[PDB]
Amino acid sequence: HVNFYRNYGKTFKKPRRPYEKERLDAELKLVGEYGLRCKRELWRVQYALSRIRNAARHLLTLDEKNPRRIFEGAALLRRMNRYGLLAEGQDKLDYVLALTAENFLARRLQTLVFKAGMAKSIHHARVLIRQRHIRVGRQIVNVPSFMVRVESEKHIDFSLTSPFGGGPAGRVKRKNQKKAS
Amino acid sequence: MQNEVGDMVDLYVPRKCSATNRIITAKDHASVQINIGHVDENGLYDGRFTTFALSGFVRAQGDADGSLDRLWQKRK
Amino acid sequence: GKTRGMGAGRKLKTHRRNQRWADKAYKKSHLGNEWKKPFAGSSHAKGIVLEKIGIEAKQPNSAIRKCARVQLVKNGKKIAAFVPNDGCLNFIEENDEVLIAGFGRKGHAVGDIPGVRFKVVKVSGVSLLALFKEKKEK
Amino acid sequence: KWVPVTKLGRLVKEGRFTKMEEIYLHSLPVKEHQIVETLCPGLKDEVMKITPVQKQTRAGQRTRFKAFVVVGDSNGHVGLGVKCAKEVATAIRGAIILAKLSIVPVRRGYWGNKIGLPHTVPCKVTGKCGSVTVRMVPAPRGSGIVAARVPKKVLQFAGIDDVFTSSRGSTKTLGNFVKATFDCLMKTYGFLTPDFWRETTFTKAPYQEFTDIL
RNA sequence: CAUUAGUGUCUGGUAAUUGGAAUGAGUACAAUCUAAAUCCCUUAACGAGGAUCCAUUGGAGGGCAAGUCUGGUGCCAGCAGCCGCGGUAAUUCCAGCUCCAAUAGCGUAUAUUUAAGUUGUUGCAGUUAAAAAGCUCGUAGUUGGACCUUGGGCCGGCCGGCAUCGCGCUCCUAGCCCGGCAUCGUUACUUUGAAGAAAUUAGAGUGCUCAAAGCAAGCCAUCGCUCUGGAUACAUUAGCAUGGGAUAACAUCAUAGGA
RNA sequence: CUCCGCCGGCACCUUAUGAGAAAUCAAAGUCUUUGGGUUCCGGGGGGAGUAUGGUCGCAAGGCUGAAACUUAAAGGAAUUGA
Ligand SMILES: [Mg+2]
Ligand SMILES: [Mg+2]
Ligand SMILES: [Mg+2]
Ligand SMILES: [Mg+2]
Ligand SMILES: [Mg+2]
Ligand SMILES: [Mg+2]
Ligand SMILES: [Mg+2]
Ligand SMILES: [Mg+2]
Ligand SMILES: [Mg+2]
Ligand SMILES: [Mg+2]
Ligand SMILES: [Mg+2]
Ligand SMILES: [Mg+2]
Ligand SMILES: [Mg+2]
Ligand SMILES: [Mg+2]
Ligand SMILES: [Mg+2]
Ligand SMILES: [Mg+2]
Ligand SMILES: [Mg+2]
């Protein structure tokens, strides 16, 4: 039975200590400020960050002129720059370890829609993205955790078929017009 | 010690015992710092002295006296 | 002291092999007497209720702990199972099928109930939880 | 007010001391807590544990409360104070004053590369109190503090950001655990590293610079 | 203004307050999907006022986050992993309210890993907490003192190439009389290489709308097709080959049977 | 018999710069800064040095040596009281 060969994986991990106030409050700060739906969204960002940090630490352990260090360091730095996760002049691979989960959270399409105007709020931005209302280059994206790249940050705008940047009105805007007539 | 951009990032480089080269920590209250004065000529004293530091380890072994005796025998 | 020779690998490995038997967990899992236990290396087991007995609690407490003696279908052993909730003993009747699980602590008695390491979890194909919380009836 | 009773206290009141490092360099015993409270502007305190101890008597058991207070600016000074008193509030007050009296320097270092601000302990360091031994190992930047709650609070008040910690003994004895952690921090400055190989140029001690004023 | 007020800031909210805007859950013409259907992706028209289109599982003494609130019961019934609670003023039972954690999921049983430096090679212990055999001898086993040049220089920009007081060559490679030749002690060790299935793991590339994935795809005038990709690495032990000869094994110049 | 010195014993006294949970210890030091060599031996308290099999003994017994079950502590050092 082929299709048994399709891979799949886990994206987050629960905390070792269930109830500690300090972590609880620190996590709720982020879940509120960035308008996330639950702790799992924060924990998957942490897990992705821990992956990239283990890679960076391994490459930093080796010695320069090691072609693995060279090749993978250039690739990892390019990946970090491509998503705006790293300022200019920072391509030293020690500034990857300094990178924070707030930086990943800052690149989600929810946060960028809020930060670009268009939203008036962080929760308005989410409900705006999950209602087919926002496009990136030409495509209607409705996943708030899209993680835009720095190149495509310019072309974000409203959809051509949402009332707020497109064409025809919605259910209720038409419904009131018909009952009015 | 030094940041890689030239800066000096330690605060308070400690003193080192002049007999054993051990560090004299902030909380080592058995250490002393001796200033022995320089006699030159008529009057036989101006504000010129040489300084020696002894940590609590040496002072507690008793070897402070021998160490000081041997460190004062340096000629200039 | 410990052997440290380069050519001492046999001595170290055989020594660890001998000494691991001094460890109660290793010996418990590697000696085979778990297949002689009531459940025979199982999480749960089904049984028929033989009678309802009721057991006292140990000294610092004072109460009657209401348990049902069950016979295991798979092997015919006879055990006692606590019926956990207030009034759930009245759901238990005579000669009805019952699903029993462990008590926690992996075969060791829990709390103040003397010599009982099993608990009743289902009766007549219906949960004690649903009967105590009125979600389903039998 | 203050009206200090020590030579250091007098020199601090006249304001001829700006940081604590000129008292650290000369290993001077700091006997009045106000000396700290001027030289360290933003020192933060925290109660970590209140523990009741008892002595048996013919009439009954006499109870006293012992407080553990860690203090420190998160920029390289920490102190730990423990105080036993008949009432929790006065035990806490005495613990604050003792913790301020005990403030010690902690040197920070880099794990692999000397970029930016120092983040870890310089090298592997250990501390012991009673049966508890605490080991602190340098960690890569951004790796957090891998330690239990007690040493984590102590290290946070120290301004160390990344460190790998290991421990042994009865850490559930919080007294010895916290004092072992403090003892581990205080000896980061007692290890002879090649950047300390340079010969020392001695300076006049504060009792000797300010001779004419006293 | 901060005086003496008073309200207005980001709205924080019991507010079944008022107000429209937005949307897909559901329903469904149609097209598409498909071997035929189906689901998805597109989509006409329907489809949201908060009683419903109604979120649960466990908890609230400590560990461990969250009530010294109100009824019931009275060492009973019951809870409780452990410590413990309940004997007429229950923070622990039975319930209500309220609060807490995770959340389309959460609880329980059993097995296993972590915690566990409580199996310890790294890395634990043995006076008194468990634990030095009553004492010595002794074979295997493990362990084993020091000692025999790469030391003094040239050489070109880490190393080659020489020279000091470098056991040889006919035969393979063989400079224009000239480096750098092979058998007349073996191994461990180390260095480099070859040959090592894929899938899995790590990892390069790539916007399946994101992701888990997959091995694709991207440009053309997104016009009679262009550029393509489908890397790379890890792989203990054993076996093959290559340089090194410090460290350590095993064999061994006093019958000179030596060259 | 007196004084001095060097090896080798049985020990003792004073002291941490040491170690340890401490009592204490100049070896129980040179340990998270953990690696000189080697043998025996421990892994919560009981059950239990018990049952069983083997082996040695005239015998008493010696050596070797479990499991089921049970239990939240048993224990070491020191302190204040009684
Ligand atoms: Mg165990
Ligand atoms: Mg609930
Ligand atoms: Mg409850
Ligand atoms: Mg709790
Ligand atoms: Mg709490
Ligand atoms: Mg439970
Ligand atoms: Mg108890
Ligand atoms: Mg509870
Ligand atoms: Mg309740
Ligand atoms: Mg142990
Ligand atoms: Mg005894
Ligand atoms: Mg003993
Ligand atoms: Mg032998
Ligand atoms: Mg003698
Ligand atoms: Mg054990
Ligand atoms: Mg035992
Ligand atoms: Mg005693």
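Along each chain, residues carry numbers from 1 upward in sequence order, and these need not match the entry's numbering; residues missing coordinates do not appear. Starting at A for chains and at 1 for ligands, labels are handed out in the order in which the entities are written. These chains belong to a larger assembly; all numbers given describe just the chains displayed. By convention in this description, side-chain values take in all heavy atoms of the structure and omit both hydrogens and water.

As summarised from the PDB record, the model derives from cryo-EM at a stated resolution of 3.0 Å.

Enquirer: Quick question: what am I supposed to make of helix α4 (residues 88–101) of chain D here?
Expert: Three- or four-residue spacings in an α-helix give side chains the same orientation, since the helix completes a turn every 3.6 residues. Residue and element names in this part refer to chain D. Taking 1.5 Å per residue, 14 residues should reach 20 Å; α4 reaches 20 Å between its end C-alpha atoms and fits that length. Residue burial is assigned from relative accessible area. The probe radius is 1.4 Å, only protein chains are included, and a residue is buried under 20% of its type maximum, exposed over 50%, and partly exposed in between. To qualify as a helix, a DSSP run of H or I must reach at least 4 residues; to qualify as a strand, a run of E must reach at least 2; elements of each kind are numbered from the N terminus. For α4, the full list of buried residues reads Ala 91, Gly 94, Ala 95, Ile 96, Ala 99 and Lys 100. For the purposes of these results, a polar contact is taken to be a pair of N or O atoms within 3.5 Å, where, inside protein, one atom must be able to donate a hydrogen and its partner to accept one; residues adjacent in sequence count only when each atom of the pair is a side-chain atom. Residue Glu 87 occupies the N-cap position of α4, its side-chain oxygen lying 3.0 Å from the main-chain nitrogen of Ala 89. Here the expected span of a helix is defined as 1.5 Å times the quantity of residues minus one.

Enquirer: Before we go on, may I ask you to explain the interface of chain B and chain D in this structure?
Expert: Counting residues at the interface gives 26 residues for chain B and 34 residues for chain D. Both faces combined, the contact of chain B with chain D buries some 2600 Å², and carbon together with sulfur accounts for 61% of it. At the boundary of chain B with chain D, the tally comes to nine residue pairs in polar contact. Counting only elements with at least two residues in the side of chain B that touches chain D, the list comes to β1 (32–37) and β2 (49–54) of chain B. Sorting elements by how many residues they give to the side of chain B that touches chain D places β2 of chain B first, with four residues. The criterion used for residue contact is that any of the two residues' heavy atoms lie within 4.5 Å. What gets called buried area is simply the loss in accessible area from a 1.4 Å probe that two parts show on being joined, summed for both.

Enquirer: How do you make sense of a negative patch on the surface when you look at a structure like this?
Expert: Residues forming no salt bridge and having over 30% relative accessible area are the ones grouped into patches, like charges within 9 Å of each other and nonpolar side chains (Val, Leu, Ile, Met, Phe, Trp, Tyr) within 5 Å. In these tables, accessible area is a Shrake-Rupley quantity obtained with a 1.4 Å probe, and a residue counts as shielded only by the protein chains included in the view. In what follows, salt bridge is the name for a side-chain nitrogen of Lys or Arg lying within 4 Å of a carboxyl oxygen of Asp or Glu. When charges are counted, neither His nor the chain ends are considered; positive counts come from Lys and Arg and negative counts from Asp and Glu. Taken as the charge location is NZ of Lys, CZ of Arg, CG of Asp or CD of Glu. Judged by side-chain charge, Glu 22 and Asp 25 of chain A together with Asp 45 and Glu 46 of chain D come together as a negatively charged surface patch. Taken together, the elements giving at least two residues each to the negative patch come down to α1 (21–33) of chain A together with β1 (45–56) of chain D. Assignment of secondary structure puts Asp 45 of chain D in strand β1. The class for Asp 45 of chain D is partly exposed, based on a relative accessible area of 33%.

Enquirer: For this particular structure, what's the right way to read the packing of aromatic side chains?
Expert: Working definition: an aromatic ring pair is given by the centre-to-centre distance plus the angle between the planes. Under the pairing criterion, centres of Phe, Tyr and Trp rings, with the six-membered ring standing for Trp, must be within 6.5 Å; the plane angle then separates stacked pairs below 30 degrees from edge-to-face pairs above 60, leaving the rest tilted. Overall, the coordinates contain eight aromatic pairs over all chains when judged by the stated rule. When the ring of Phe 4 of chain A is compared with that of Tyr 5 of chain A, the centres are 5.4 Å apart and the planes differ by 55°; the resulting orientation is tilted. Over a ring means this: the NZ of a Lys or the CZ of an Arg is within 6 Å of the ring centre and within 35 degrees of the ring normal. Here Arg 75 of chain B stacks its cationic end above the ring of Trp 72 of chain B, 5.0 Å away from the centre of that ring.

Enquirer: Teacher, can you tell me more about helix α5 (residues 149–158) of chain D here?
Expert: Residues and elements named next belong to chain D. Across the 10 residues of α5, seven count as buried, placing the element largely inside the fold. Taken together, the buried positions of α5 are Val 150, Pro 151, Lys 153, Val 154, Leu 155, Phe 157 and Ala 158. Following α5 by one or two positions, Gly 159 has its phi on the positive side, about 80°.

Enquirer: Sorry, what's going on with the protein's contact with RNA strand F here?
Expert: By convention in this text, a residue qualifies as near a molecule or strand provided that one of its non-hydrogen atoms is within 4 Å of it. Contacts to RNA strand F come from 33 residues, most closely from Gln 61 of chain B, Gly 1, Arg 4 and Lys 37 of chain C together with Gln 56 of chain D. Sugar plus phosphate, as a fraction of atoms of RNA strand F within 4 Å of the protein: 67%. Measuring from a phosphate oxygen of RNA strand F, one finds a side-chain N or O atom of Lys 128 of chain D at 3.1 Å. Counting only elements with at least two residues in the surface near RNA strand F, the list comes to α1 (56–61) of chain B, α1 (9–19) and α2 (24–30) of chain C together with β1 and β5 (125–129) of chain D. Only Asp, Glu, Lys and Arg are considered charged, only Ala, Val, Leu, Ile, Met, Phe, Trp, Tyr, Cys and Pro nonpolar, and every remaining residue, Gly among them, polar. Taken together, the residues of the surface near RNA strand F sort by class into six nonpolar, 13 polar and 14 charged.

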